[PDB]
Amino acid sequence: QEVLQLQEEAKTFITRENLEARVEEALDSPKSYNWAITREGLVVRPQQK
Amino acid sequence: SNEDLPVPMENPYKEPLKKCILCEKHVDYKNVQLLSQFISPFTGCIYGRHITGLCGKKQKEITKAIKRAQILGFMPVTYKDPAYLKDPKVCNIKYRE
Amino acid sequence: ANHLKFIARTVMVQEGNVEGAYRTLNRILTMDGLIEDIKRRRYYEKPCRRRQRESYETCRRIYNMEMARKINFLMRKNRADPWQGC
Amino acid sequence: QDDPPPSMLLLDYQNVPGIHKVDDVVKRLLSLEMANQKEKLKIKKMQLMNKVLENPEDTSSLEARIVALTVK
Amino acid sequence: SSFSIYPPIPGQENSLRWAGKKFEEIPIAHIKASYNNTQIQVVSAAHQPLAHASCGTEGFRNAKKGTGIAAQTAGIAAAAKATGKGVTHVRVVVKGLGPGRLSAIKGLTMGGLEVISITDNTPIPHXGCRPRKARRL
Amino acid sequence: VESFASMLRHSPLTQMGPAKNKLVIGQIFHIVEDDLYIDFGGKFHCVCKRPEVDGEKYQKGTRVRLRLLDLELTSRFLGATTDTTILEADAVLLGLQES
Amino acid sequence: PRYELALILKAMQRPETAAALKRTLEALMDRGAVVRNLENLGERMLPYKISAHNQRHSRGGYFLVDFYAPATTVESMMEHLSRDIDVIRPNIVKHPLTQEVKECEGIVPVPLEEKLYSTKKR
RNA sequence: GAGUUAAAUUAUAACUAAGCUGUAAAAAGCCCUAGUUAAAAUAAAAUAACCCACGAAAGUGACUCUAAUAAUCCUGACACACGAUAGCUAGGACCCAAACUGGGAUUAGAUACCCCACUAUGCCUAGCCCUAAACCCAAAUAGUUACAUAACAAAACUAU
Ligand code: FES
Ligand SMILES: [K+]
Ligand SMILES: [Mg+2]
Ligand SMILES: [Mg+2]
Ligand SMILES: [Mg+2]
Ligand SMILES: [Mg+2]
Ligand SMILES: [Mg+2]
Ligand SMILES: [Mg+2]
Ligand SMILES: [Mg+2]
Ligand SMILES: [Mg+2]
Ligand SMILES: [Mg+2]
Ligand SMILES: [Mg+2]
Ligand SMILES: [Mg+2]
Ligand SMILES: [Mg+2]
Ligand SMILES: [Mg+2]
Ligand SMILES: [Mg+2]
Ligand SMILES: [Mg+2]
Ligand SMILES: [Mg+2]
Ligand SMILES: [Mg+2]
Ligand SMILES: [Mg+2]
Ligand SMILES: [Mg+2]
Ligand SMILES: [Mg+2]
Ligand SMILES: [Mg+2]
Ligand SMILES: [Mg+2]
């Protein structure tokens, strides 16, 4: 199972052939890991703004 | 022959143990909002267990995660980031009286 | 020195009084323990004294917080005795 | 002294079938190049006992433990 | 009347102007309240000094200048010199912990000067230079 | 003759289960100016204050409704070999019994 | 992923920012690293002024790179980024996804400890 | 081992001020100073810590990476390895603290407590010295709560 998922994950790895495309794509799709937590333990996502 | 005697069984009314705020959740050093809620906004200190209320496992992880962001350049050291000053309050300390 | 100014340890007065605002600032520092920290940093304490100080602060905190619970626990037993002269 | 070859699959990812049919990218990720010193010790211990010990499956035997200490 | 203790962040735009100028344009009053002296200096928004006053310069000498009254008089004198140059509101920054913290704060208020924000900037090392040894008095 | 073991099984106390958050009715046996000593059938007697509404009808022998929280208040403190009991019970008033 | 590169770059325009990432990713591949993906965190004001290469920086862009690399080449990657002047503060940490979130049951209450003193009459 | 720096401080520069440090109270010292703004190096590691983890002990609590914590799990020396701090030999660093020394004050005297200045040294690399209230004054491994209170303390005891 562990090697099977690496087989699929190897397709999206960045190679020198698509070095420019991945850099250009990354610069146009910002993302953040920020998320808050409440007293009851529920996750609040700031992406709703 | 008496069936009325009690049986050797565990307590059926054992209420589940209390879960901390961050139980079963993955802390990180990249989400400033999660780390910033446990820092005093005026001074920048880190709250203890008696204020934060977290358990013994997630309290150490938060402390290590916060300090990693202090040096790597992700959050201010001497004050809370003003952008996250309106996040919901989770600590139990009150300054205004 | 590198952080922005007038953000940390700062309060703003309201309605034009300054004595009230200052006392609010002192409570913030006292709660965070900076006031006692500055007092202990005027001179240097050897590490032998530092551990001896924390072994007395912790003992007082246990005794005070345990006697306090008994006071609250036995607080309800202060009503007038219904069996006076029984 | 022993020198495990660099381009070798680690201990766990060997007996699983269908490895040689995979592209070089995944094989590179499983070789000792992307493995720390801990994985290297497993390869040394596995090969060393297969050359001197008689019954590799027995661990509680004195000869098996002496081999393990020699690796450390 | 919703009033927030936290200062207005310069990044945002808060419609709270004193005497027609913004929050950062208001001059600064630095207060260094040591254990033997209290020094008061007012500087502009561009960190250009306007007036300087201290317990020593007001006639107090030696142990006398370390009392609260000496710091109270310095605040009145500093505000009087500052008001001459035409400053109404000032942001006071308190440096260190000493007996003259309260007196200097209210010294400016009674000297014809109005304060709106209080900041404590006591030097707090985080582990730093080793301080002097104890005093076995 | 009924065995003692059978008596406990069918007793109301056993059927209650945990004492926390249980609606148990009780009868007042002693009256003070502001304190109502109520016996709810437990080992000890709980004490409650007279409510501000319909307080004049809380007399001796009156039945009221209670919410038991602890059957017997008892805690352990450091240095105590045996716990120090309070000889009372904790309960709250939900009103008077609806006859 | 195995290693994560906390990369912070000096604020600049689109072309040189892409160029800086292009050669930085090239340097990783020369040391024997297979980069998984590139994540952009956008440009933000720095928490405090950071002095690097005789410059005072207040604004910079954050970028994250995760890759598989041999343990012996971590020093070379850190040393190479130190000499680069378009990066203000590089740091390398193990990827947080390598470790698994340990299962938890709850906050076990600790009873107060007894039998700490003799039973003699005090 | 390798790399890295937040808060404070100092060299240094600009501006204003004439005083600045210090004590129960003063003197001496400084005025090449003090306040604010800008800022290397060295050194030390706020809050977290009301947590009690790692190591055989002495010890360790700023961040990152690499290497890594013996024994299929008894006792054991004068043998092998290690051992805070102070001290020695050689090279390098020196913010700051600081035995010795000088000055001020106190005192009958003060070669002390108090105040100011500065050195060894505290630091890095290599070697040596092998001492502590190195004390949790309670030796290691298996256990029992039976018997039973000198005193005090941290309850009593059995086997090798
Ligand atoms: S109680 Fe589960 S992680 Fe805190
Ligand atoms: K520190
Ligand atoms: Mg600095
Ligand atoms: Mg120098
Ligand atoms: Mg003189
Ligand atoms: Mg100066
Ligand atoms: Mg400890
Ligand atoms: Mg051992
Ligand atoms: Mg071990
Ligand atoms: Mg032995
Ligand atoms: Mg030694
Ligand atoms: Mg030494
Ligand atoms: Mg030495
Ligand atoms: Mg000699
Ligand atoms: Mg030397
Ligand atoms: Mg020196
Ligand atoms: Mg000195
Ligand atoms: Mg002398
Ligand atoms: Mg010791
Ligand atoms: Mg001994
Ligand atoms: Mg011993
Ligand atoms: Mg022994
Ligand atoms: Mg042993
Ligand atoms: Mg034992």
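What counts as what
Residues numbered from 1 in each chain as written, not as in the entry; some residues may be left out. Chains lettered and ligands numbered in written order. Part of a larger assembly, values for the part shown. Heavy atoms only, no water. Residues with missing side-chain atoms left out of burial classes, pairs and counts. Near = heavy atom within 4 Å. Polar contact = N/O pair within 3.5 Å; in protein donor to acceptor, adjacent residues only side chain to side chain. Helix = DSSP H or I, 4+ residues; strand = E, 2+ residues; numbered from the N terminus. Patch = residues over 30% accessible without salt bridge, like charges linked within 9 Å, V, L, I, M, F, W, Y side chains within 5 Å. Areas by Shrake-Rupley, 256 points an atom, 1.4 Å probe, with all protein chains shown as cover. Salt bridge = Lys/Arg side-chain N within 4 Å of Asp/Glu carboxyl O. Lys, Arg positive; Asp, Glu negative; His and termini not counted. Charge placed at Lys NZ, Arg CZ, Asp CG, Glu CD. Buried < 20%, exposed > 50% of the residue type's maximum accessible area, 1.4 Å probe, protein only. Pairing = 2+ DSSP bridges. Axes fitted to C-alpha atoms, helices over the stretch in contact; angles between N-to-C directions. Contact = heavy atoms within 4.5 Å. Nonpolar A, V, L, I, M, F, W, Y, C, P; charged D, E, K, R; others polar. Right-handed = clockwise from strand over helix to strand, strands pointing away. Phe/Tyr/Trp six-rings, centres within 6.5 Å; stacked < 30°, edge-to-face > 60°. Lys NZ or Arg CZ within 6 Å of the ring centre and 35° of its normal. Core = buried A, V, L, I, M, F, W, Y, C linked by side-chain atoms within 4.5 Å. Buried area = accessible area lost by both parts, 1.4 Å probe.

Header annotation of the entry names cryo-EM as the structure determination method and lists the resolution as 3.6 Å.

1. Re the protein's contact with RNA strand H
By nearness alone, 75 residues border RNA strand H, and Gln41(E), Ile124(E), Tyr3(G), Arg89(G) and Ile92(G) come closest of all. In RNA strand H, the atoms that sit within 4 Å of the protein are 78% sugar and phosphate, with bases accounting for the remainder. Taking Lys94(G), its main chain carries an N or O atom lying 2.8 Å from a phosphate oxygen of RNA strand H. The element best represented in the surface near RNA strand H is helix α3 (residues 58-72) of chain B, accounting for seven residues.

2. Things to note about a positive patch on the surface
A surface patch of positive charge is lined by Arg42(C), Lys46(C), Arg49(C), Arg130(E), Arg132(E), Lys133(E), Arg135(E) and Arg136(E). Within the secondary structure, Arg42(C) sits in the loop between α2 (34-40) and α3 (47-73). Accessibility expressed as a relative area gives 37% for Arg42(C), which makes it partly exposed.

3. What about the sheet that holds strand β1 (residues 10-12) of chain C?
Strand order across the open sheet formed by six strands is β1(C)-β5(E)-β4(E)-β1(E)-β2(E)-β3(E), with mixed pairing between neighbours. Two strands in the sheet have a free side with no partner beyond their single neighbour: β1 of chain C together with β3 (49-54) of chain E. Each strand axis lies, on average, 20° off the axis of its neighbour in the sheet, ignoring direction. Packing of helix α1 (residues 19-32) of chain C onto the sheet brings it into contact with β1 of chain C together with β5 (114-120) of chain E, and relative to β5(E) it is tilted by some 10°. Across the face of the sheet, helix α1 (residues 68-84) of chain E comes into contact with β2 (38-43) and β3 of chain E while running at roughly 155° to β3(E).

4. Some points on the arrangement of the chains
Contacts are most numerous, across the twelve pairs of chains in contact, for chains C and E. Between chain A and chain E there is no contact, and the shortest C-alpha to C-alpha separation is 17 Å. Without any contact between them, chain D and chain F keep their closest C-alpha atoms 49 Å apart.

5. Description of the pattern of salt bridges
For the structure on display, the rule yields 26 salt bridges over all chains. Taken together, the shared-partner salt bridges in this structure form one network comprising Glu45(C), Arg53(C), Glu57(C) and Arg61(C).

6. Points about the interface of chain E and chain C
Chain E puts 36 residues into the contact, and the matching count from chain C is 22 residues. Applying the counting rule to chain E against chain C returns zero salt bridges. Counting residues per element, the ones that place at least two in the side of chain E that touches chain C are β4 (89-95), α2 (101-110) and β5 of chain E. The biggest single contributor to the side of chain E that touches chain C is β5(E), with six residues. Within the side of chain E that touches chain C, the residues separate by chemical class into 22 nonpolar, six polar and eight charged. Pairing between β1(C) and β5(E): three bridges, direction antiparallel. When the sheet's bridge partners are listed, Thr10(C) is paired in β5(E) with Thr119(E).

7. Here we look at the pairing of β5(E)
Counting buried positions over the seven residues of β5(E) gives six, a clear majority of the element. Each parallel crossover has a hand, and for β4(E) linked through α2(E) to β5(E) it is right-handed.

8. Some words on the sheet that holds strand β1 (residues 3-10) of chain G
Residue and element names in this part refer to chain G. Across the sheet, which stays open at both edges, the four strands sit in the order β2-β3-β1-β4 with antiparallel pairing between neighbours. Of all the strands in the sheet, the pair left with one neighbour each is β2 (34-51) and β4 (91-94). With strand direction ignored, the average angle separating the axes of adjacent strands in the sheet is 25°.

9. Looking at the packing of aromatic side chains
As enumerated under the stated definition, the model contains nine aromatic pairs over all chains in all. On the numbers, 6.1 Å between centres and 55° between planes, the contact of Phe13(A) with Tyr68(G) is tilted. Taken together, the positions of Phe13(A) in the loop between α1 (2-9) and α2 (19-27) and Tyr68(G) in strand β3 (residues 56-68) put the pair across two chains. Take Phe13(A) and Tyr68(G): they sit in the same class, and that class is buried. With 5.8 Å between their ring centres and 55° between their planes, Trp18(E) and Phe23(E) make a pair best called tilted. Aromatic rings pair up to connect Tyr29(B), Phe74(B) and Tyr62(G) into one cluster. The positively charged end of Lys30(B) is found above the aromatic ring belonging to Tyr33(A), 3.7 Å away from the centroid. In this structure, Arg91(E) is placed above the aromatic ring of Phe6(C), and the distance from its NZ or CZ to the ring centre is 4.4 Å.

10. Describing the nonpolar core
Of all hydrophobic cores here, the largest spans 68 residues; its most connected members are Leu22(B), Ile62(B), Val92(E), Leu108(E) and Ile118(E). The element that contributes the greatest number of residues to this core is α3(B), accounting for five residues. Not counting the four nearest positions on each side in its chain, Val92(E) is found in contact with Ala29(E), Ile31(E), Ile105(E), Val115(E), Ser117(E), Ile118(E) and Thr119(E). By size, the runner-up hydrophobic cluster in this structure holds 26 residues, among which are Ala26(A), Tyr3(G), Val35(G) and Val87(G).

11. So, the interface of chain B and chain C
Many authors give the size of an interface as the accessible area that is lost as the parts come together. Taken residue by residue, the interface counts 14 residues in chain B and 14 residues in chain C. When residues of chain B are sorted by the area they lose upon contact with chain C, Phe42(B), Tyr79(B) and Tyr95(B) head the list and together hold 46% of the total. At the boundary of chain B and chain C, one finds zero salt bridges. Class assignment for the residues of the side of chain B that touches chain C results in eight nonpolar, three polar and three charged.

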